[PDB]
Each structure stands twice: as structure tokens, then as C-alpha cells.
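Worksheet: one structure, shown below.
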Amino acid sequence: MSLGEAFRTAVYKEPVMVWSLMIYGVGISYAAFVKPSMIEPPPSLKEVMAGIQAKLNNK
Amino acid sequence: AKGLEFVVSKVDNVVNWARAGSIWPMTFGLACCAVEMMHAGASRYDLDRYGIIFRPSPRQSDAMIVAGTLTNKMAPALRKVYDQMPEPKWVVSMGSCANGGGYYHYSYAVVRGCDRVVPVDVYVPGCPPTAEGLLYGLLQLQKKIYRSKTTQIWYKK
Amino acid sequence: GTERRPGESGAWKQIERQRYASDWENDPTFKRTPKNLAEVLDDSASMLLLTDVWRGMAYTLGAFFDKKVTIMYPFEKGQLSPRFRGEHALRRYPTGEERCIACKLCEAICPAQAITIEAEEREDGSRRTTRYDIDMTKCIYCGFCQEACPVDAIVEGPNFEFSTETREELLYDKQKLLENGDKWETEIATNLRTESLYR
Amino acid sequence: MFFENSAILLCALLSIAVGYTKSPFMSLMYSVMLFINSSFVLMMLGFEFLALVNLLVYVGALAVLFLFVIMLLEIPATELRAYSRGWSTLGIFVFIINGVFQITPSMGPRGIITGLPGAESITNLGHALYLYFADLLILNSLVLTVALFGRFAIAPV
Amino acid sequence: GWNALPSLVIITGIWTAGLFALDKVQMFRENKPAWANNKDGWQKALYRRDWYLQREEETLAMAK
Amino acid sequence: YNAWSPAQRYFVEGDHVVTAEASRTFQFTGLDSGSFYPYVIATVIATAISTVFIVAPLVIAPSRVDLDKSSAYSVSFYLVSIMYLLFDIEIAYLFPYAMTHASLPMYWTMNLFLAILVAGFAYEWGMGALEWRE
Amino acid sequence: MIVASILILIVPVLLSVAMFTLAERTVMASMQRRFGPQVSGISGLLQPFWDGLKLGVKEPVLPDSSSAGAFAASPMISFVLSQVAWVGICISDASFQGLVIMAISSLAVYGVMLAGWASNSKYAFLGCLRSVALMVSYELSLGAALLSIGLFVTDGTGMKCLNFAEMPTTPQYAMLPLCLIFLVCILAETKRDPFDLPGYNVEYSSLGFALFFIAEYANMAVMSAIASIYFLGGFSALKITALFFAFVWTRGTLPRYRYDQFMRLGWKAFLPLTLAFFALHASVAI
Amino acid sequence: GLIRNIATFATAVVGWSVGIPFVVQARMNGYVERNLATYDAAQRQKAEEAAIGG
Amino acid sequence: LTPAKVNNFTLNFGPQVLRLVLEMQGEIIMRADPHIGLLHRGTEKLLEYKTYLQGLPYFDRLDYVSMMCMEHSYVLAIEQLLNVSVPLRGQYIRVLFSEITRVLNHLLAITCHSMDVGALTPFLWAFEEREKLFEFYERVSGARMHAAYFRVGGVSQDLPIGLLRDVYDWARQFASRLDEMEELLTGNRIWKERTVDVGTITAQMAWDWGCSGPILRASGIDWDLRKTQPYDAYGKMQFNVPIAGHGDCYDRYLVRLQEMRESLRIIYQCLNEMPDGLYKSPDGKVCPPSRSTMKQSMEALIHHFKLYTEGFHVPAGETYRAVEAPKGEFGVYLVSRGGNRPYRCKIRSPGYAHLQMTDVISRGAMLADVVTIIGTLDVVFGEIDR
Ligand code: SF4
Ligand code: SF4
Ligand code: SF4
């Protein structure tokens, strides 16, 4: 049988474990590949506070 | 002194109020009268409306209602459970089988009335009595409890 | 639904059988296997997210906002019929004389042996009872006494709230039975005016 | 600081009491109390997280299994020489030498130390666990697996 | 359910009264509506320094 | 607790402060942040309440002596309790990781821990150890 | 002051537990086409009070063949744990307050076990263990759910903690399966349907029985407050009452499971799901 | 003796809590005295070293 | 011949009226030894001192859940030896009220089984319709449970006018009540997992174990006494037979529900076919006459005197008759010597036979399922202990 038949029979005979493993796989995949692609990309105290003021004052 | 007596009387009133309105019996599914008893706690009559809860143990049981015939083989067990009832306790006799034997009064293995084994406070007649009659009998039990005056007795002891 | 599933069987022999034999598949009463992504999602929605508890929950909740059948005894009573067999009672004639003539049919027919009768001729020559006792703690309220009596003397009255604190109060004598009959005569006569078309 | 020092002293008292009594249930109860009070006193050292870890683990997990094993394996054998055979004098004498007068203490030549409250950082603890002792964390994982597999292989069937 | 509705309202009212009373009592005790905030050793140090400074001010208050 | 050194009192000298600390009021915003102190007093109060409720029915209830009134009317547990032990220890291991801003290699090591955990757990699953027929 | 605050917390707990059992009775009646307690006081607004006073005046009976000290203390211990849990709910500032309450709830298992060994009842001996094993098994999943919750609990200073006042004032729409599994675990923790198979206090009586029920319903309310704080985005009376209403709703509509059945369910469906969700939340929150 | 057990337990607890501190403080007194003697001996040693070392 | 030696396991399951002693090697039941007789009232010997009419109320309290069915078997056993034909209208009334009684027995049984399992709502819900049918009983016999309505040659009284109206009105919504009853357990995974594949019974064992009623039907067995050995007007009635093939508690549950459906169908058919005519057999020498007839005729007065004192004399002989009881097959063996009292009256109870299956069925099960076994067995100790 192909992937489809075995997956169907397994999920019918045991859906919870397949759900758990699929969620784990999605998390692992997002950590490994998805995240480092689209979301991954000495000043003194006065500069930091000035930047904080600039960010806060407009909002 | 009169004020202390008045306080004693009011406390007795409150004690009777509490004990009457929260009587928890124990279930002896002996015979016919239990079905009337089961229907008495049902939606139409709502024994629970009158502060009545059936408990699995004698230890929380307040009084005993005998719903069904009592045999000689069952009498020691009934005395066992009643002797497990804590004080203050009462007994309610429902059904002629429980009353005096009734339709098995001349049998060889039937205890002619549960009176012969345990004391009884309320005798409810009928074979079977109406669930309405059981309501009336338990209300009369409440009336008997109302007339009780324990701390009044104890203060004059 | 009434369908069955693998793993939902509550045993070990059957569970061990179905996880190691496809015998349940041959059974048509078992829900058939999902065949596509849609059916798999339907099965997942069936198992997870409940969706079976939800229906009974909703029906019970509708019952919460629903009406009730509860009655407020003693300020409300139930429904009963004239044929009701309650407290035994002794009836008289409208002039005032006892209906019972001590034919002892009631005692003869009573399978409870709860009726004790003694009688002799009255000073006027009338055949009247000297002792008329019925053991209510022994009476089974069958009404066979009411069936046997040919003068409508003994009747089971519409009184059913007559519980006593002591058992001795239920040892009914002639006097208390006559008192009960004089009390409840009108209701019993009215019921007989209906029951006569059947009895 | 009377009560804090009293709680500190209670630890060794309970420790001796654990072996002192003959009822296994009493010993386990003493151990549970000792664990709780130990965690509470260590809380005075500023370890909120570690105290809860110790509490959770030992009370919820280990003591429960202790009581279960005892309850499935111990008919009362207290009179079975547990009171009639007594205790070895050499053991208590050695224990006195070791712990009452403590000829060989932990500090050795030092006789006084200052106890000072700490500052538990779960952030620093995590940094250490997963950056400085990650290898030991994996070794602990292997040890947990050893325990699980050995237990399930030593099953009495 | 009209019979249970009184109990339903009473439970909510009881919890409301209890929470309001506890709010008032703890506000009187702590004198700021943030005492439940998470605090590290830094905030603890600031709080204890401030308390000791208030005590020092009282000590120097009874000197003029 | 009461301070015993001026360094602990931030080098503030005087007698007023010592007595003030001696009879201070408890305040989370005062000197006892994260103190856990109300737990003990709650324990005392609950002990008192429970003891009183135990004692009271022995006072306001009649007593009668009866002989018969003084009478009462597996490894799956082993498996479950020992598994609970190990898994709770593992949860305690996991807890600090959830309380930090961990990094990617830290994440991978955590996943390694979880992988070993689930490996043992799944081995127990596949061998019939989670089927509680016994 | 602190003692007074403890008592001010205590009073609504007892009063409301009385009201909870009364309203559970009455709502069960409403869902059963009956009225329920209505004679004992105005609309039956006095039933639990008289019940408590009645069990107070009822005679406490002690077996002569066991250790009565544990028999007395076990309901006492459970009541103490309930009071301590309430104090930690309302009168605490611990950094791991949720973990504190979890560890507290882990302790309530003993009272059932203490009672089970105490009395000389074989079926108590068995049911105590059954209930113990159920709650113990579900405790791991509850801790895993808290682990998942702790992955986003941050204060303004930037430190990750378990403080209740720093929990977001919004519901967590992104953990609905986690919320559902946590709610079912809460249902399991209180011996309620569909986990009311185990009672353990069968040989108990009087105010001991009253304290057992007090501890049970207080733990139920504690878990309700925990759930409201965690998933419902705050702590309020409305949410407590709604959760209790839903719990009565579930009790009045479902039958209970078998022992090994909910054992299998918890050990093969709930804990692995919580583990996977915890891993996913940790991965995304990075 | 349930109440007897309670009495014995409480008596043991109180006696322990009042007696152990005395022994602890006796240990502290002995150690302080010994360290004072040690420091005096070391001071005398340093004095002798200064005398015979020029 | 047998010592005790190894005590080891010991159990006591309930003085409170079933006493059960079980044997487990742990969590799984290996032996189960019920002890009965706590309700043995010795009625069979008591019957010998009563006339046939006197002993009739004894049969009310043998199965106080289902009464008229208990009356019917004894009445038929009397009549067959008496060679008495029953009028058509009486047969209609008997069959209809028997169906109502069967409905009551099924309702109470299923509700008690649910409460033992853990469902409390259907209990309360179905007791309302049970109260309705109790009102029906009281209207026709003046007694809620112990009617003593069935008589040798007919019934005591005719139906009061206006009864069938309310019967039809009740039937107009009993289906809705049953439907709302099903949704609480039918589509539930919990109810099934509690009930599915618990206490499996085969056809061969069942016929070896003497099963009757719904338990027999759930084993793939085609059997109804109302269709194989019909009595009274049951042959005219057209209705279906539910059939299951697992011998499961869930299967028995569904079988009982479908039996209730078929009972409702028979109730409708009886309602729309009620005939006009005599309700008692015209033999006054066995059947009592009318009170009006008694009070104006010497012969009827004499017969009322004799029957109500001595009763009719059954010819010497023997017979056994059974009735398709809601709990199975209820039969009574009658031994006649020729007098006005039955010489020997043996009573056969289906629950007593079903109760004998506990030890073999409870093997391999769990303590959570013993209560399931008892509840699905549908046993009343009144008939079990006579
Ligand atoms: S009094 Fe009558 S109805 Fe009640 S249990 Fe006895 S025989 Fe049955
Ligand atoms: S009551 Fe009627 S039947 Fe009985 S003795 Fe009197 S007249 Fe005869
Ligand atoms: S009603 Fe029945 S038991 Fe009562 S007196 Fe009449 S015949 Fe006897």
C-alpha cells in the first residue's frame, strides 16, 4: 500500500498517537527549517534611553 | 433566671429545627415498599425537597425506614446496621410486612414486625403505603421531633 | 450512534482480539474505515473534541430551562380514583343502623386473617356484632373484604394518611371503624354512586 | 529566631524518630514530616524552586510508593520480635559517638560557620543546566531510562 | 431553573463580597495595589532599602 | 526573622529601628517579599478549625456502647506509581527550561532530553506495559 | 492582620461551598424535571446550613481495631490542605505560585490513602488505591499543562515566573486543546464524572464526613480558580460560577468510566498530547 | 494511648527544642575558648620570632 | 473432606438484599459465590393454606416490578385445568395492561442499571412516566402496584370510561420521552465502554443456562412465547422482534429499548381494536356474579356465598403454564388433588436462573463490572427467593 492507505488505517485504528506525533513533527520542522528562513533576520546608556524615548513618544 | 430559661427554650427550638429538617435515612431495598420509597424521592414528590438524603453508610444515617419484609435470616443484619446508627436516631416502619407481618404473618421465617428486633418511632400503614403517605408519615416524624426539648431537660437536671 | 470501534470495547479478550485480528471488520455493525482526508477528519472530530457528550449536555441544559412536575405537598395532592382501596371502615344505614350483619363473609374471605369477629343476637332480636376488629398492621388492603360484603358494610375509605406513632393505635376495633365510617360516609357514598355502574 | 532554630532542630529529631518507632506507617509519616520541614527550612535559604521540587518528588511520588509497598506487603509484625527482640546496643552507642558528640564533623578543624540566605535564580539555574552541565543532564536522562527499563524488566509475574 | 437561580446569584454575590473585602483589607495592609507583583532580588533590595530609609527618616525625625 | 547586623540594616544605626523590626507588621512590600510566611499561620488556623470540628460532636451527641457498632460494614499500582516517580522527576527537570529565555542549542539539548524520555516511554508502550489488564 | 485576612478568605469559602453543593442539587433537579431542595428555608436557601449543623450534632463513631489518630487527622489533613491552597491562591506572592499550588494539590492524595488504610474495610482498601492512582496519573498531565502555560508568563521586568497578577488579562485562544485537556484533568482530580468510580470515606461520619466534602468542593473551587486565571484571562466570581455550572452540567449528563479505562485514557491520550503541545509551545516561543 | 502518644510526642519535641541548643552553645563556647588559646599561642610564637630574629 | 488451610484472599460484598462472596487473584475476578434466601418468605408452603382466590395476592408480591404478568400465568394455569374460555374484551384488556406492565419493568430496569453505572437523569425522567402508568393502574384497580386485577375467567372490573383517552395521550409522547432518554447513553462512548463486551453469553450456554426474555434475544436467538406459544389475543397482534448477536450489556440495553418500542406498537394496536362485550366468563359457578345480580337473585347470592367462602373445586390433575415475562419466562406448576385449595404450587422464576450465571460470567471481569452484571441481569429477589 501507499502512504495514504497505511495512514488512513493507522489513524482510524489509532488517531490520538498520530495526532501527537504529527504535532511534534510540525514543531520540530518549524524549529529546524521554517523559523531560520522568514523570521530569523557598543552604544552607551544615553543612546539607548534616547532611542526608548523616540520609540515611546510617537506611538 | 427567666432569661436563661428563655435562651434554653430558643436553643431547643433551633436544635429541633436543624435535626428535623436534615434527616438522612439509609436504604434497605428489602421488598415492595422500596419501590414506593424510590418513587418518593423522584421528581413528583422530591424527598430531597424536605432535606432528605440517602446515605451509603449508617454512620451518616439519621433514621431508618423499613421498606420491605424482614426475615429471620435478615434480622441479625438489620440489627447490625441499626446498631451502627449513631445517636440521636429514629426508626420508621413502612408497610404491613414491617408493621406486623401482614400477608406473611404466619410464615415460619418471617419476623412478625420489625418491632420485635428494633424500636420504631413512626408506623406507616399500607401494602404498599402511598408515597404521599410516606411523606405524611415523615412529616409526622418531624412533628414528633419538634416537641423534643433536650436542653430544657438538661438545664433542670 | 450504535456503531462500534476498535479500542472502545471495555474488555481484554475483545480488545486483544481486534488489535491482533481484523474480525471486527467483517462485522457490519462496526463503523467502516475512513477512506479519505475528509473521513479521517470526521473520525478525529468524533473522537477528539467530544461531540458526543455535547448533545446530551445540550438536551440536559434545555431541560434546565424547561418546566417541572413537582407538587407542593401537603398544600397540593395527587390524582386518585373512586376504586382506591385505603383505610377499612364500617358503614351504616341513613337511619343510623349498622350495615354489618355479622355474616362473617369478610372474615372468611380475608387471606390476611386480620379480621376477628364475635357476634350474637341483640336485645331487640337483631343479629349484630359483639366484636369487630381488623388488624391494619396485618391488613393487606386487598379490598377482597369490600368485594365479598353483600350489604356494603365494610369499605376501604379514601383516607390514606393515618400513620401513627405507636403500633397499638392501628389495632382497629369496632368503635374506631364506626367512627371512621361516620366521618367519611359522604365521600364513600359519592364514590359508590359512581362505582355502582361497575360493581 | 526561636522558631526557625526549633524547626532546624526538629529535622534530626524526626530523623532519629524514623528509625526509633516500630510501626512502618509511623516511620513513613515521620519521614514525610521530615521532608516537608527540611524543604521549609531550606526555603529560609532562599531556594523556592528546589524546595517545591523536593516536596513534589518525595511526597507525591516516593512516599506514596513506600506506603503502597508496605500496605501490600506488611501484615503487622510488630509483636513478631519487633518489640520482643529489641535493638543492638552497639548501633546506638556508635550513633551517639558519631552524631551527638561528632568526633569527626564535616567542618573538621572549623568550629563556627555563618549561615546566610541565598538568592535562587531559576534563570541562572537553567543557564547552568543547559550550558555548563548539559552533558550531566543527558547522563541523568540515561539514568532515568536505566531505572525505567530495569524496573519494567524486573517485573514480578 | 427558577429555583436554583437564587443560589446562582448568591454564590456570585458571596464571592464578590469576599473578594471586595479582601481587596480592601489587603490594600489597607500593604498600601499599594501592586503587592502581588513578581519581585526578584533587585526589587527586594530596593524595597528593603526603602523601608530602612523610612525607618532612618523616623529616627532622624525625632532629633529636631 | 529579625536583623542582627547593621550591614543587614544597611548601616542604619539606632535603637528605634531594632524594636521597629522586632514588632513589625508583615508586609510583602516591607522586608519579607516572597516570604511564604502566611502558609504556616494558615496551617495553624486550619489545624485549630479541624481539631475543633473533630471535638465538637463528642460533646453535643448522645453516646451508646455497642459491640457491633465498632465494626466495618496488584502491580498495576506499582507500574503507575514508579512511572509517576520518573516522569515527575523529568517534569522537574523540564520546569527551569520553561522559565528561561533559552537559546537554539539549549532548545536542541532539551529536545534530546525529551527524545530519550519518549524513547523509553514508547518502548514501554509497545511492550504492553500501558495496558492495565493486570 | 494576616490571621484576619486568612479568616476573611475562609468565610466565603465555607459559605460558598455550602451554596455550591446546594446549587448542584438544585440544578441537577432542574435538569431532571424536578425542583430539588425547596422546603428547607425560603426556596430551600437553608439546606446546607442545617445539614452541617445536623452532622455536627451527630455521634462520631471510632473503630476499636485500628489507629484512630489517622482516622481523625486524614479529613483534618485534607481540610488543612484546602485552606492552604486557598491562602496560596489569594494571600501569596510566590514566584512559582502555580507550581506551589500544584505541589499542594499533590498532597491531598494522602487523605484518601490515610482513610483507606485506617479503616478495616476491604473495598475501602481497594477504592482508596484506585482513586489515588487516578489522581496521581493525571497530576503529571496537569503539571505538563502548567509547563505549557509557563512558556509565556512574563512580567514587565522580563523575568519568567508564575505570579497570578502578571498573567495576561486576555484568554489564550492559542491553547484551546490544552485548555480542554486541562479541564478534563481537573474533572478527574475531583472524583467527578466520568471519574466517579471511587466511597473511600464509607466508615467515616459526622463532621469528618463534612470536612471530607468541604475539602472536595474546596479543591474543586481551587482548580476552578486556577483554570480561570490560566485560560479565561483573569480571576473573578463570574468565571468560578460558570465553571461550576458547566461541571454540574457534565455530571448530570454523563456516566462514569471503568478503572483501567480511564487509566489507559490518561496514560495514552492525555499525557502524550500535553507533551507534544509543550514541545510545540517551547519551539514557537523561541 | 492515642492521647498518651500525643503527650509523649509533644514532651519529646519540647525537651529536644530546649535541650539541644544548650549543647550546641556548649560546643560554641568550647570552640571559641580553643581558638582564643590558639591565637594567644600564635601571638607568643610571633613574639619569640621577633625576639630571636632581630 | 475439605480443610481450610490457605486463608489468603477474603472478601464480603454486601449484607445490604444480595450477599456476594467473590474470589480475586488481584484486580480480576476468578470466582463469585452469591448467597440468597434473605428474602425467602416460604410462600409456596403458605399457598397450601389459602384458596385459589385467597392466594392470588401472593403473586402480586413475587415480582413487585411486574405484577399482572405474574397474575396471568397462575390464572391461565387455573383456567386450563378448569377448562374455561376467556372473553375477547378481557383478553384485549389483559394483553394491553400486560404490555404497559412490561413497559414499566423495562423502564425501571434500565433506569436502575443506569444509576448503578452512574447516570441519574434517566432514572428521574422515566419515573414520571412510571407515575403516569401507576395512575393508570390506580384508576382501574384502586392499587398502584398490587392490583389483584386479573381473575379466573376474566378481570375484577371493566375499564372506567375515559381511560383509553389518556392511554393514547400518554402514548402520543412516550416515544419522545424514550428518544430523549436514549440520547443520554446511546451516542456516548463512556456508556458503551462501560457496557460493550462485558458479560458475553453464547446461545449454547444460554440454552444450557436456561435464559429467557431479552437476554436470549441478544444471542441471535429467534424466540418469543407471544409468537411461538401465544396466549389470549397475542396471536392477533403484529409486532417485530429485536435481535442482537453479541450477548453484550449494550446489546441487551438496545434489545430492551426495541422491546419497549414493540410494546408501544402493541399498545396502539390494542387501543384501536378494543371490542364491546363481556369481560368475565359467563360461568357463575367459577366467576363471581354482579353485585346487582347477587342482590336480586337467589342463585347468584348462593354462588357468591359459596365461592367467597369455599371457592370452586379444581378437578384433580397437574399442569404447568408460563408467560413471556419482561424479565424472562415466568411459569407456575400447579398440582391439583380435587379440592378448593391447590395441593402443590411450584413457581418458576427467570431471574433465579439468570442469577445462576454470575460465577461463570463474572470470571475474567473487574469489580466495576459485578454491579454491571447484576444490573443487566435484571433480577428481583422476590421471585428469586419465594
Ligand atoms: S407491605 Fe406489601 S408492598 Fe410493602 S414490602 Fe410488604 S408485601 Fe410488599
Ligand atoms: S362487614 Fe359485611 S361481610 Fe363482614 S361480617 Fe359484616 S356484613 Fe358480613
Ligand atoms: S382489605 Fe383485604 S386485608 Fe384488609 S380487611 Fe379487607 S380482605 Fe382483609
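Compute the angle between helix E:41-61 and the longest alpha-carbon principal axis of chain E, please, reported from 0 to 90 degrees and rounded to the nearest 10. The answer is roughly 60 degrees. Annotation: Cα Rg of the range F:8-128 relative to the compact-globule expectation 2.2 N^0.38 Å equals 2.01. Plainly put, the range G:1-159 has a radius of gyration that is 1.03 times its Kirkwood radius, both from alpha-carbon atoms, as the Rg/Rh ratio. Residues in the range G:243-256 carry Karplus couplings, in order, of 5, 5, 4, 5, 5, 4, 4, 5, 4, x, 10, 10, x, 8 Hz; the curve used is 6.51 cos²θ - 1.76 cosθ + 1.60 with θ = phi - 60°, and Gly or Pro positions show x. Once you place label points 7 Å from the Cα toward the Cβ at G:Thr169 and I:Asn240, how far apart are they in nm? According to this spin-label approximation, the distance is 6.1 nm.
Applying 1/(1 + (r/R0)^6) with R0 = 22 Å to the Cβ-Cβ distance of I:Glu273 and I:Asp169, what FRET efficiency is obtained, to the nearest 0.05? Intermediate results must be reported in sequence, preceding the final value.
Details: r = 18 Å, r/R0 = 0.82.
Plugging the Cβ-Cβ distance into 1/(1 + (r/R0)^6) gives 0.75.
Mean silhouette area of the protein assembly as shown, derived from the convex hull of its C-alpha atoms and averaged over all directions, reads 77.9 nm². Each 10 Å bin from zero holds the following percent of Cα-Cα pairs in the range D:1-135: 10, 26, 32, 23, 8, 1. The Rg/Rh ratio for chain G is 0.97, where Rg is the radius of gyration of the alpha carbons and Rh is the Kirkwood radius.
Each peptide in I:213-225, G:205-217, D:27-39, C:30-42 gets a packing score, the mean of other Cβ atoms within 10 Å over its residues, and the list from highest to lowest is G:205-217, I:213-225, D:27-39, C:30-42. What separates the Cα centres of the range I:325-354 and the range B:91-150 is a distance of 31 Å.
Would you mind ranking I:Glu180, I:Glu318, C:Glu87, H:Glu48 by Cβ crowding within 10 Å, fewest neighbours first?
On the way: I:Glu180 17, I:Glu318 13, C:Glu87 22, H:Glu48 10.
Lowest to highest Cβ neighbour count: H:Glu48, I:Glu318, I:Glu180, C:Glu87.
Put in order of Cβ neighbour count within 10 Å, fewest first, the listed residues B:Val81, G:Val27 become B:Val81, G:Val27.
In the structure shown, the pairs C:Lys67/I:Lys327; B:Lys143/I:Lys50; A:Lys59/E:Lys39; C:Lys68/G:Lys268; B:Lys157/G:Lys58 are assessed against 31 Å; a Cα-Cα span above that value is assigned to C:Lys67/I:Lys327; B:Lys143/I:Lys50; C:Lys68/G:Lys268. Taken over the range G:1-61, the convex hull of the Cα atoms encloses 116 Å³ per residue.
Database remark: amide H of I:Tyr320 closer than 5 angstrom to the amide H of I:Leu334 (H placed geometrically; neighbours at sequence offset of 5 or more, or on other chains; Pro and chain starts carry no H). Peptide packing: for E:33-42, C:101-110, the average count of neighbouring Cβ atoms within 10 Å per residue gives the ranking C:101-110, E:33-42, highest mean first.
Please state the shape class of the range G:117-201: rounded when a/c is under 1.5, otherwise prolate if a/b exceeds b/c and oblate if not, all from the C-alpha gyration tensor.
Numbers: a/c = 3.76, a/b = 2.54, b/c = 1.48.
Judged from the Cα gyration tensor, the range G:117-201 comes out prolate (a/c at least 1.5, a/b above b/c).
Using a Förster distance of 60 angstrom, determine the FRET efficiency expected from the C-beta separation of H:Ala26 and C:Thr116, and round it to 0.05. The pair H:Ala26/C:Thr116 has a calculated efficiency of 0.05. Placing a pseudo-label 7 Å from each Cα along the Cα-to-Cβ vector at D:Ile103 and E:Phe28 gives an inter-label distance of 6.3 nm. Our analysis of the range I:7-106 gives Rg over Rh at 1.18, with the two radii drawn from alpha carbon positions and Rh computed by the Kirkwood formula. Per residue, the average separation of C-alpha pairs within less than 8 Å and at least 6 apart gives the range G:37-118 a relative contact order of 31 percent. Qualifying GluC sites (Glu not before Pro) in the range I:220-300, where qualification requires a DSSP coil assignment and no more than 15 other C-beta atoms within 10 Å, comprise I:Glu273. Taking the centroid of alpha carbons for each part, the range D:25-48 and chain H are 26 Å apart. Measuring from label point to label point, each 7 Å out along Cα→Cβ, what is the C:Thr186 to D:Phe133 span in nm? Going by the 7 Å Cα→Cβ label model, 9.6 nm.
Geometric descriptor of the range D:115-157, per residue, is 121 Å³ (volume of the convex hull of the Cα atoms).
When C:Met72, G:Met167, D:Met44 are arranged by Cβ crowding within 10 Å, least crowded first, meaning fewest neighbours, the order is C:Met72, D:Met44, G:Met167. Listed values for the range H:9-22 are Karplus-derived 3J(HN,Hα) couplings in whole Hz (6.51 cos²θ - 1.76 cosθ + 1.60, θ = phi - 60°), namely 4, 5, 4, 4, 4, 5, x, 4, 4, 8, x, 4, x, 4, and x replaces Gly and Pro. Taking amide H as placed 1.01 Å from N in the peptide plane, the amide H of C:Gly157 sits under 5 Å from that of C:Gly86, C:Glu87, C:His88, C:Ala89, each at least 5 places away or on another chain.
Please find the FRET efficiency linking F:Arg64 to H:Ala42, where r is the Cβ-Cβ separation and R0 is fixed at 56 Å, and quote it to the nearest 0.05.
On the way: r = 80 Å, r/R0 = 1.44.
After rounding, the FRET efficiency stands at 0.10.
Students often get this wrong: which residues of the range G:268-286 have the backbone nitrogen under 12 Å from the point 7 angstrom along Cα-to-C-beta of F:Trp108? It comes to no residues whatsoever.
Comparing the range D:7-86 with the 2.2 N^0.38 Å rule of thumb, its C-alpha radius of gyration ratio is 1.26 (two decimals).
Counts of other chain beta carbons within 10 angstrom of each beta carbon in peptide D:3-15 average 3.
To the nearest whole number, what is the average tally of beta carbon atoms from other chains within 10 Å of the beta carbons of peptide C:170-177?
Values: counts 5, 1, 0, 0, 0, 0, 0, 0.
Partner-chain Cβ atoms within 10 Å, mean over residues of C:170-177: 1.
Helix content alone sets the calculated 222 nm mean residue ellipticity of chain I: runs of n ≥ 4 DSSP H residues at -39500 (n - 2.57) each, divided across all residues, give -14000 deg cm²/dmol. For chain D, the relative contact order works out to 21 percent when only alpha carbon pairs closer than 8 Å and six or more residues apart are counted. Near I:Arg151, the amide H atoms lying under 5 Å from its own belong to I:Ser156; only residues 5 or more places off or on other chains count, and H is placed 1.01 Å from N.
Peptide C:130-141 has a mean of 6 when you count, residue by residue, the C-beta atoms of other protein chains within 10 Å of its C-beta.
Sorting D:71-84, I:57-70, I:30-43 by average packing, meaning the other beta carbons within 10 Å per residue, from highest down gives I:57-70, I:30-43, D:71-84.
FYI, it's all coordinate maths here, none of it is from the lab. Note that each Cβ is placed from the backbone with ideal geometry, even for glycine, and that neighbours are counted across all protein chains shown.
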